[PDB]
Amino acid sequence: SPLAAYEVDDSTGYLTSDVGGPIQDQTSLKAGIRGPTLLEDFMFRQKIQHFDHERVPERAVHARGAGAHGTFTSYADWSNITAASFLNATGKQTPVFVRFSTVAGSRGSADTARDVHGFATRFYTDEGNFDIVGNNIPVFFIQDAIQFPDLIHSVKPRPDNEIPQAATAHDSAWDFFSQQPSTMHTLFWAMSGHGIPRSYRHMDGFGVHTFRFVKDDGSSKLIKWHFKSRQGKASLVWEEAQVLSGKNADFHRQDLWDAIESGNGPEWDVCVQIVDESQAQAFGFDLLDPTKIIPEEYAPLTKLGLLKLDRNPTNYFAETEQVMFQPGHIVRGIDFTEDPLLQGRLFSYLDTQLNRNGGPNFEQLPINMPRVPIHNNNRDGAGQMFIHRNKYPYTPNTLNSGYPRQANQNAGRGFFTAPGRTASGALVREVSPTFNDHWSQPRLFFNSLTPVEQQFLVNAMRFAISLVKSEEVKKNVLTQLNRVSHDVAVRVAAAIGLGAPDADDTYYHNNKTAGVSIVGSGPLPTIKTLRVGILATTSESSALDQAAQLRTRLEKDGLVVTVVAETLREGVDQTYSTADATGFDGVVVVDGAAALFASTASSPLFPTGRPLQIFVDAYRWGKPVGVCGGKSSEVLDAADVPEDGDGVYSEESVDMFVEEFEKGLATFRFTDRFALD
Amino acid sequence: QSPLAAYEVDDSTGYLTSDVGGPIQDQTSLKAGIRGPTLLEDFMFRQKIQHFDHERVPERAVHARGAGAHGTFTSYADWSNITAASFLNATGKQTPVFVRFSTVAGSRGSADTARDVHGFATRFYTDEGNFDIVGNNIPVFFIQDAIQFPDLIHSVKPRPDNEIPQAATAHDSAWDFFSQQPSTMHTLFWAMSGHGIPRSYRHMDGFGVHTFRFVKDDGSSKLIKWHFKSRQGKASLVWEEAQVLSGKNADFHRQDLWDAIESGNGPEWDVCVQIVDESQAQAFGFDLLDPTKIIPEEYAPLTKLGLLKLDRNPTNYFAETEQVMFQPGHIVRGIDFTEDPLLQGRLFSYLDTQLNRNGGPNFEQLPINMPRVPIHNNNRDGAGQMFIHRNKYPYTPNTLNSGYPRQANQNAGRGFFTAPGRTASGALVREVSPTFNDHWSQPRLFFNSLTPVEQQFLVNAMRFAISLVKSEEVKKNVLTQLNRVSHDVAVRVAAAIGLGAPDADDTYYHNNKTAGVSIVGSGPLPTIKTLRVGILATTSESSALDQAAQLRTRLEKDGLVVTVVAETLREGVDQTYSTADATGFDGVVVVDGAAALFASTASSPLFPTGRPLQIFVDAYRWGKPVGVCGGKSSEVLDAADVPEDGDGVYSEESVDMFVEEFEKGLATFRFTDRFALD
Amino acid sequence: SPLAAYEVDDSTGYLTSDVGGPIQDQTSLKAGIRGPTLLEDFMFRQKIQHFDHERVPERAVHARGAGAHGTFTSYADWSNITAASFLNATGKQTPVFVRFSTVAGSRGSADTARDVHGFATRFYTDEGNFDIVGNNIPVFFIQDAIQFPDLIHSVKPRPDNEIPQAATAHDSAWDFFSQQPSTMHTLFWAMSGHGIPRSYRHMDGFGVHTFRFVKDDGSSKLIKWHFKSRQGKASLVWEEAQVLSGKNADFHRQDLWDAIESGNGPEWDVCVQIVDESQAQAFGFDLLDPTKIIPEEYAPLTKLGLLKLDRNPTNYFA
Ligand code: HEM
Ligand code: HEM
Ligand code: HEM
Ligand SMILES: [Ca+2]
Ligand SMILES: [Ca+2]
Ligand SMILES: [Ca+2]
Ligand SMILES: [Ca+2]
Ligand SMILES: [Ca+2]
Ligand SMILES: [Ca+2]
Ligand SMILES: [Ca+2]
């Protein structure tokens with residue numbers, strides 16, 4: 001409804017051309033009933049021309065994504081730290097649109113690739129659109145925007161054959177990573193569970209760069225943006241993510257869409273670290289360096305307000321595909337820093353919309369329009385929608401009484417550059433030596449994961465680097481990993497038949513920081529929307545009765561229940577043929593269905609062994625699993641699952657089963673099922 | 001104008017903002033120190049300059065030079081008896097219009113008063129969809145098949161090695177094409193007449209050119225020609241006037257239209273048709289599918305359908321005039337195409353060319369292109385998509401959107417439908433109908449139907465144009481074609497270029513004439529409102545200014561645009577001699593108090609030597625009503641070598657008597673006895 | 001001939017599609033001799049699509065202009081003041097392309113409007129393309145690039161009716177000039193004969209901005225570019241310019257084209273003023289200010305080499 005003024009209703013009426021002439025569109029005009037098609041058929045040509053021209057260029061990066069409408073609510077009057085109008089009163093509401101994405105894949109690539117993820121937020125503020133174009137990882141691969149095409153060429157498919165679409169699993173990517181050691185920190189994040197988040201709702205957003213908050217009095221503070229998920233942090237496991245990339249390439253957009261439709265619209269606390277201008281070089285690194293975090297121990301998070309996504313788009317193309325974010329969409333109360341990565345982005349996002357939109361009036365697209373008046377002397381250009389009344393669009397003028405008026409620090413609530421900002425020195429294409437430690441923070445991150453988490457990251461690196469054909473690249477990779485951790489280099493090297501180089505302890509240390517572990521972030525604060533697959537059978541009325549009883553008690557607590565059986569009927573959502581363990585956060589077998597789990601079981605209605613495969617996959621990927629009804633050992637023995645296993649449930653009582661199982665869904669993953677080196 | 005009103009942006013108050021509503025400045029770049037380099041992070045600089053860098057769109061492939069205005073069409077009757085068309089279905093029914101007038105060959109910025117064919121494109125924003133009649137001021141076209149359009153247009157546009165010259169009809173390639181493609185002769189004769197240099201957009205007619213069909217709700221059809229007949233009357237420039245006006249005021253026609261509308265003198269046309277039976281396609285001595293032919297009015301009279309009035313200027317020229325995208329494909333139920341091969345191919349071109357101009361497929365969403373009725377269709381996405389479509393099942397046939405939108409056809413939904421009587425029979429051919437082969441009779445009919453002096457103006461336009469052709473061989477080929485229309489024309493043209501005309505070839509010669517194609521013959525203007533009177537005065541004689549004031553009052557009440565001219569501006573003086581020229585006026589009056597300025601000793605640092613007399617003598621030589629108000633009128637006329645007995649020369653002591661006579665002169669408009677004949 | 005590798009010859013042969021299929025292009029394919037045109041007529045659609053898409057956007061400024069090929073010849077080894085390879089040896093030749101232009105008018109506006117004029121030179125150097133994008137007047141209207149759209153909106157036609165095409169003869173232009181006094185120096189040049197030059201060949205070219213010459217040792221000097229006409233300076237008179245705008249809108253492009261075809265290819269001495277970094281504020285104004293000239297009495301011209309235009313284009317558009 002925030003874009004209701006642009007909506008077109010086709011629930012009634014006769015087909016028209018784009019100029020409102022009623023027409024047909026089902027049969028071409030022909031010279032006789034078996035004749036050739038006539039050039040004078042305007043109905044044909046106008047419809048096919050539109051179809052022919054439907055597609056626009058995909059985004060150069062973050063081509064794969066999904067968006068939703070929502071509201072931002074301020075917790076306070078933040079005048080004391082920023083002039084930003086959207087933050088100036090307790091409870092002040094501002095409409096938002098968010099797009100989540102992967103980075104490397106083209107617009108049809110699977111959601112559950114291993115990748116960095118985007119988290120872009122537009123605030124339609126009463127002083128203009130403000131965009132925070134962030135990622136789910138707080139540090140970037142590179143220290144200077146000029147290097148972005150080198151990064152993205154190296155991670156994107158090899159340009160002779162456009163193979164492979166596995167961003168982190170080919171020679172060219174590891175060549176870049178190993179020759180550009182700045183990459184180590186973001187690389188360690190991408191090789192962790194942060195590279196395969198369970199959903200958009202179960203990851204954070206980060207501005208990455210230091211920005212400024214600027215008060216009306218002109219004073220400034222340095223800030224980092226942190227959008228902290230109220231759903232909690234969760235990952236897939238790789239073995240799961242690969243299958244899910246085939247069974248459901250749309251998994252993350254469907255999870256978000258379903259959460260909003262079910263009234264479970266995801267929430268983030270929008271937070272900042274605030275530090276003084278004097279602390280730019282005080283934390284043992286440069287706040288202008290986007291490869292570095294400020295440990296929460298040095299600067300705590302201040303909660304500014306609530307971000308809630310609660311409305312799906314009406315038309316995906318018009319809203320999600322066409323949304324054009326820019327870090328240059330800035331408001332009074334915010335300013336840039338001399339982060340050489342941020343500095344260059346400001347150019348890129350204004351320029352790239354010419355490519356996507358095919359013309360300069362992209363801010364006039366409904367999704368890009370602000371919610372306040374526009375007063376400027378911008379004119380003409382392809383696709384001009386506005387009819388400007390002012391016939392003297394120049395400053396300075398008298399013929400339009402000197403309107404529009406210049407807005408600045410002192411008049412018209414103008415944007416203004418933080419007036420304490422200076423530059424001094426040579427005009428240089430030189431890197432600050434303050435940027436030169438590429439390895440300490442990667443080690444900080446690694447140090448801050450749990451032992452099983454550390455194993456998962458080593459395993460992601462073993463997987464990816466084992467696919468690199470070049471022996472010289474694999475050696476260069478072990479040289480860089482070794483500068484972060486000798487142990488990581490030895491464990492990765494073991495997988496690929498190379499020796500790790502000798503320990504180089506220059507950057508080694510045992511410092512740790514809170515808030516970067518997924519496994520370590522404890523049970524989820526809510527299980528609403530989590531997916532329970534109930535494996536039943538049509539062959540036993542009592543199996544369906546057990547399933548209906550389990551459904552009622554699970555749905556009461558807001559879980560999404562799928563009853564699976566051989567065929568569809570009342571109370572069965574999916575067939576075994578379409579069901580998979582990647583479809584569920586937990587799997588329950590009703591003991592009336594135990595016959596389906598025998599090695600002997602066979603049906604033309606589903607692939608050999610499908611019922612037991614769903615159970616075994618779910619167990620092996622660490623999910624809560626169990627048998628409800630009391631007769632558990634036929635199913636558990638066929639699955640090779642121990643009855644006494646953590647996150648393995650066997651109860652006769654539906655009530656006791658669900659109370660135990662719901663604890664399992666909160667735990668989310670049972671990490672004792674994964675081997676350690 | 002719902003879509004146009006909704007998109008209007010008022011900047012009469014407020015602080016400068018970005019396109020996303022963030023208040024900003026735009027006067028100083030952000031720099032690393034007061035004498036420092038400009039910063040990349042200056043988003044205010046880049047958004048403003050990016051917009052500026054992208055302001056321009058491709059000009060139209062043809063008709064690039066033009067001007068537009070809003071108005072209203074009012075039907076005179078319920079025309080159900082001849083057409084299903086909803087805009088014509090009731091007495092007094094009003095439909096908003098937008099019209100764009102144009103030249104053909106010139107680029108943007110080329111002068112209005114080039115010798116050229118002119119566009120007259122009319123959009124009817126009807127209650128059953130937008131209906132465009134994309135016409136010209138000349139009722140016949142150069143060529144008989146749309147596939148030839150790039151050949152014609154390459155030949156008339158500047159030579160592509162050096163892009164010289166801008167003069168469409170005055171270079172080798174144009175005459176090469178005309179002489180090798182004899183279909184061109186009829187349109188060529190029109191463009192070489194006064195129709196090539198109209199006095200204004202308001203003083204020319206509009207023509208559909210092609211035969212179209214009127215289709216009734218019973219499926220029956222008739223063949224029609226569109227004629228928009230000026231209520232201002234037909235009038236031309238003279239060539240030497242046009243050439244000077246091209247330099248003094250390249251915006252003459254757009255300014256004339258703008259000024260007429262602002263003054264409450266919005267131009268009008270009777271929208272008319274010739275209506276003939278399908279059985280008459282080949283009855284009139286030529287093929288109605290041939291766009292090089294008119295139906296003589298003597299064979300098929302004009303029926304007045306309604307009133308076209310232009311009465312509102314655009315708010316933003318670029319957004320409305322430059323972006324308006326006309327299409328003969330914009331047709332409504334009750335109208336149908338014919339198998340005219342020129343029309344047939346147009347239908348493809350205008351849909352395709354808007355992709356070039358707009359840079360994307362959503363050009364019908366621009367406010368000027370939008371309809372005034374709801375749009376229901378399954379067209380989706382594309383660059384610049386401005387709609388948010390609620391229907392998530394945009395396919396036919398569907399159940400998931402309850403089968404909407406519904407198909408519209410002859411039976412239901414007031415669907416467009418092809419005239420059900422239309423058939424095709426025969427081989428699939430790239431062959432020209434032999435019924436199209438007479439390229440010379442109608443050019444001769446047109447030539448025959450002009451007055452003797454009008455024939456001289458046409459001979460003289462060809463003498464001018466053909467004399468600039470460098471190729472002797474192209475000039476000979478031209479005489480060969482002209483000779484097939486009229487031996488006399490070929491003899492008279494040949495004299496100017498030092499060649500002999502070929503021997504008479506009487507195959508296509510005849511003495512038939514037709515009413516309604518002559519300008520010189522069309523009689524006095526039915527109104528003199530908007531016509532321009534230059535009063536030549538002096539600041540050096542209070543009596544000269546009083547005379548000019550008394551004339552101004554007396555002429556302005558009759559709706560004439562009066563310019564008092566003197567050495568310097570003051571109260572009552574609109575213009576200096578320095579900026580004034582005879583091309584700025586329809587009539588020129590000298591007040592006898594100004595007599596002293598019309599001598600040969602003359603001279604002022606405030607205007608070129610001889611300017612005041614040059615304005616009067618140019619006015620006389622170009623056929624305009626000219627006169628002296630005073631009583632020493634005797635004298636000044638002698639200075640100018642202008643005879644007092646002269647038709648359209650005035651000489652009256654009384655202001656009241658001077659004006660009465662002078663105003664008859666303005667209606668006569670041109671005094672053609674001032675032009676030498678062969 | 002410097003672009004000979006890209007030339008297409010149609011002095012012989014049979015008509016083909018863009019993919020080399022021999023075709024015809026004079027009659028549409030119809031369902032019978034008096035029939036409607038067929039959609040399957042690919043000869044028609046490929047030809048008319050090309051025609052329909054011939055036009056590109058005109059330049060936002062300097063839309064009206066004309067170009068020619070030529071040669072630049074260095075008079076010396078300029079190592080002493082610049083590392084620039086095209087200046088590194090006596091007699092070193094570099095191909096050039098030059099375009100001359102007005103500023104305000106659209107691409108079919110008369111050459112002889114009163115206006116500033118463009119003089120844009122490309123040196124196709126052995127160390128890359130070097131462009132000097134200059135005007136025939138050495139000073140600009142405005143002191144900051146962010147003001148360009150204000151200047152150009154004010155001098156271009158009024159945007160309600162696109163009237164008038166006379167850059168310097170309407171309210172908005174004079175409103176801008178009177179509110180933005182920086183415009184006075186360029187305005188005086190545009191109101192002199194410099195606003196209506198006799199030809200592109202009878203005007204000079206100016207870089208306008210102070211640039212730097214940088215030696216291979218890293219030392220720098222401040223320079224102004226001055227292209228000095230070997231044909232001499234000449235103007236029209238205004239009344240003449242106005243008539244010529246109607247009688248021959250192509251007058252300057254024709255003058256240039258004819259001079260080249262007659263073997264009178266126009267020449268300029270490419271010159272610089274060279275001053276020290278320390279003199280940025282020494283001449284009574286700031287060298288960073290593009291509304292100011294360095295008087296020749298303060299800094300004489302140095303001749304660097306010869307610019308000669310001697311070859312017309314083959315295809316104007318391309
Ligand atoms: C901190 C580093 C970065 C972050 C967090 C980031 C984030 C993002 C995100 C989230 C998107 C997708 C926005 C959407 O969903 O529509 C995006 C797109 C894009 N980014 Fe960045 N980015 C970063 C660095 C860069 C750099 C250094 C460049 C270029 C120099 C760049 C150029 C682009 C381009 C061209 C697009 C496509 C934008 C569009 O089509 O609208 N990014 N980025
Ligand atoms: C009876 C013959 C014709 C008439 C009366 C005619 C009339 C016109 C008019 C008045 C315009 C200007 C519309 C405006 O003001 O925006 C125009 C534009 C155009 N015409 Fe035609 N025309 C004719 C034949 C053709 C043919 C045969 C072709 C191509 C095969 C053609 C292609 C075009 C194109 C490409 C444009 C530019 C359209 C645009 O950019 O909107 N015309 N024509
Ligand atoms: C000393 C000041 C300037 C001079 C001498 C100058 C000169 C020129 C010339 C000669 C051209 C035409 C080049 C050609 O023949 O193709 C041109 C085009 C252009 N100028 Fe400038 N100019 C100046 C300042 C500016 C400024 C301040 C801006 C914008 C911030 C600007 C933007 C442009 C644009 C957009 C074009 C069209 C370029 C193209 O389409 O290729 N100019 N200028
Ligand atoms: Ca590779
Ligand atoms: Ca994990
Ligand atoms: Ca494009
Ligand atoms: Ca020629
Ligand atoms: Ca039909
Ligand atoms: Ca003005
Ligand atoms: Ca002079």
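Header annotation of the entry names X-ray crystallography as the structure determination method and lists the resolution as 1.7800 Å.

Chain C has the name Catalase in the PDB entry, where Mycothermus thermophilus is given as its organism.

Under the PDB entry, the name given to chain B is Catalase, and the source organism is Mycothermus thermophilus. As stated in UniProt under Catalytic activity (unreviewed entry), the record for chain B gives "2 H2O2 = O2 + 2 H2O".

Peer 1: Honestly, the site of ligand 2 in this entry has me stumped. Any pointers?
Peer 2: Around ligand 2 sit 24 residues in total, of which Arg-60, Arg-100, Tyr-350, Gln-354 and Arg-357 of chain B are the nearest. At the site occupied by ligand 2, nearby residues are drawn from chains B and C. A distance of 3.4 Å separates a nitrogen atom of ligand 2 from a polar side-chain atom of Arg-346 of chain B. At 2.8 Å from a nitrogen atom of ligand 2 is found a side-chain nitrogen or oxygen belonging to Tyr-350 of chain B. Elements that contribute at least two residues to the shell around ligand 2 include exactly strand 4 (119-126), strand 5 (129-136) and helix 9 (341-358) of chain B.

Peer 1: Would you explain the UniProt feature "active site" (unreviewed entry) in chain C in this entry?
Peer 2: Residue and element names in this part refer to chain C. As annotated by UniProt and renumbered to match this structure, "active site" (unreviewed entry) occupies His-62 and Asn-135. For this annotated set, covering 74 residues, all C-alpha atoms fall within 10.2 Å of each other, a compact arrangement in space. Tracing the chain through its elements places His-62 in the loop between helix 1 (42-52) and strand 2 (65-74). Each residue touching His-62, except ones within four places of it in the same chain, is listed here: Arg-99, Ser-101, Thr-102, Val-103, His-117, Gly-118 and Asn-135. Among the polar contacts made by the side chain of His-62, one reaches the main-chain carbonyl oxygen of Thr-102 at a distance of 3.1 Å. Inspection of the secondary structure assignment puts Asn-135 in strand 5 (residues 128-135). Sequence-distant contacts of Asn-135, defined by excluding residues within four places in its chain, comprise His-62, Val-116, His-117, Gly-118, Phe-119, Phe-140, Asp-204, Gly-205 and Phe-206.

Peer 1: Just checking my understanding: could you explain the interface of chain B and chain A for this structure?
Peer 2: One frequently used descriptor of interface size is the decrease in accessible area upon assembly of the parts. If you look at the interface, chain B gives 104 residues, while chain A gives 104 residues. For the pairing of chain B and chain A, the buried interface totals around 9800 Å² over both sides, and the portion due to carbon and sulfur atoms is 57%. Among the residues chain B hides against chain A, the three largest losses belong to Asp-11, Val-20 and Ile-388 of chain B. Together they make up 9% of the total. The interface formed by chain B and chain A includes 6 salt bridges. Of the charged contacts in the structure, one is a salt bridge between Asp-9 of chain A and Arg-390 of chain B, with a shortest N-O distance of 3.0 Å. The interface formed by chain B and chain A contains 53 residue pairs in polar contact. Mapped by element, the contributors of at least two residues to the side of chain B that touches chain A are strand 1 (8-9), helix 2 (43-53), strand 5, helix 8 (317-322), helix 9 and strand 12 (388-389) of chain B. Of all the elements, helix 9 of chain B adds the most residues to the side of chain B that touches chain A, at 8 residues. A per-class count over the side of chain B that touches chain A returns 42 nonpolar, 41 polar and 21 charged. Note: strand 12 (residues 387-388) of chain A against strand 1 of chain B, 2 bridges, orientation parallel. Paired with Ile-387 of chain A across the two strands is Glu-8 of chain B, which belongs to strand 1 of chain B.

Peer 1: Would you mind showing me how to read the packing of aromatic side chains here?
Peer 2: Here a ring pair, both rings aromatic, is described through the centre-centre distance and the interplanar angle of the planes. Enumeration over the complete set of coordinates arrives at 77 aromatic pairs over all chains. With a centroid separation of 5.5 Å and 45° between ring planes, the pair formed by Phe-87 of chain B and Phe-131 of chain B is classed as tilted. Highlighted residues: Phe-87 of chain B in the loop between strand 2 (66-75) and strand 3 (94-102) and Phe-131 of chain B in strand 5, separated in sequence by 44 residues. Accessibility assignment for this pair places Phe-87 of chain B and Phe-131 of chain B in one class, buried. On the numbers, 5.3 Å between centres and 70° between planes, the contact of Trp-239 of chain B with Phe-464 of chain B is edge-to-face. With a gap of 225 residues between them, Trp-239 of chain B in helix 6 (residues 239-248) and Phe-464 of chain B in helix 11 (residues 452-467) connect regions that are remote in the sequence. By relative accessible area, which is 23% here, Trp-239 of chain B ends up partly exposed. Here a set of aromatic residues connected by ring pairs shows up, and it is made of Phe-72, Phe-86, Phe-123, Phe-130, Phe-213 and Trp-225 of chain A.

Peer 1: So what exactly am I meant to see when it comes to a negative patch on the surface here?
Peer 2: Residues and elements named next belong to chain B. Side chains of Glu-635, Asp-638, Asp-641, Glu-644 and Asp-645 sit close together on the surface and give a patch of like negative charge. For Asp-641, the position within the fold is in the loop between helix 16 (633-639) and strand 19 (649-652). Among the residues examined, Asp-641 registers a relative accessible area of 67% and is labelled exposed.

Peer 1: Can you walk me through the site of ligand 3 in this structure?
Peer 2: Lining the immediate environment of ligand 3, one finds 16 residues, of which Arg-59, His-62, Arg-99, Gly-134 and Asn-135 of chain C sit closest. Residue neighbours of ligand 3 fall on chains B and C, so the site bridges chains. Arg-59 of chain C is positioned such that a nitrogen or oxygen atom in its side chain is 2.8 Å from an oxygen atom of ligand 3. At 2.8 Å from an oxygen atom of ligand 3 is found a side-chain nitrogen or oxygen belonging to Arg-99 of chain C. At the level of secondary structure, the elements contributing two or more residues to the shell around ligand 3 comprise strand 4 (118-125) and strand 5 of chain C. Taken together, the residues of the shell around ligand 3 break down into 8 nonpolar, 5 polar and 3 charged.

Peer 1: Which parts of the structure should I look at to understand the pairing of strand 15 (residues 561-566) of chain B?
Peer 2: Along any regular strand the residues' side chains alternate between the sheet's two faces. Residue and element names in this part refer to chain B. Burial runs high along strand 15: 5 of the 6 residues are buried. Bridging between strand 14 (residues 532-536) and strand 15 involves 5 bridges; their strand directions are parallel. Note on strand 15: the bridge partner recorded for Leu-536 is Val-565. As a crossover connection, the stretch from strand 14 through helix 14 (residues 542-556) into strand 15 is right-handed.

About the criteria used
- Residues numbered from 1 in each chain as written, not as in the entry; some residues may be left out.
- Chains lettered and ligands numbered in written order.
- Part of a larger assembly, values for the part shown.
- Heavy atoms only, no water.
- Residues with missing side-chain atoms left out of burial classes, pairs and counts.
- UniProt positions renumbered as here; feature names shortened; annotations may be inferred.
- Near = heavy atom within 4 Å.
- Polar contact = N/O pair within 3.5 Å; in protein donor to acceptor, adjacent residues only side chain to side chain.
- Helix = DSSP H or I, 4+ residues; strand = E, 2+ residues; numbered from the N terminus.
- Contact = heavy atoms within 4.5 Å.
- Buried area = accessible area lost by both parts, 1.4 Å probe.
- Salt bridge = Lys/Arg side-chain N within 4 Å of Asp/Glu carboxyl O.
- Nonpolar A, V, L, I, M, F, W, Y, C, P; charged D, E, K, R; others polar.
- Pairing = 2+ DSSP bridges.
- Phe/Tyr/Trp six-rings, centres within 6.5 Å; stacked < 30°, edge-to-face > 60°.
- Buried < 20%, exposed > 50% of the residue type's maximum accessible area, 1.4 Å probe, protein only.
- Patch = residues over 30% accessible without salt bridge, like charges linked within 9 Å, V, L, I, M, F, W, Y side chains within 5 Å.
- Areas by Shrake-Rupley, 256 points an atom, 1.4 Å probe, with all protein chains shown as cover.
- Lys, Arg positive; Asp, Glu negative; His and termini not counted.
- Charge placed at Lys NZ, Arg CZ, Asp CG, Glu CD.
- Right-handed = clockwise from strand over helix to strand, strands pointing away.

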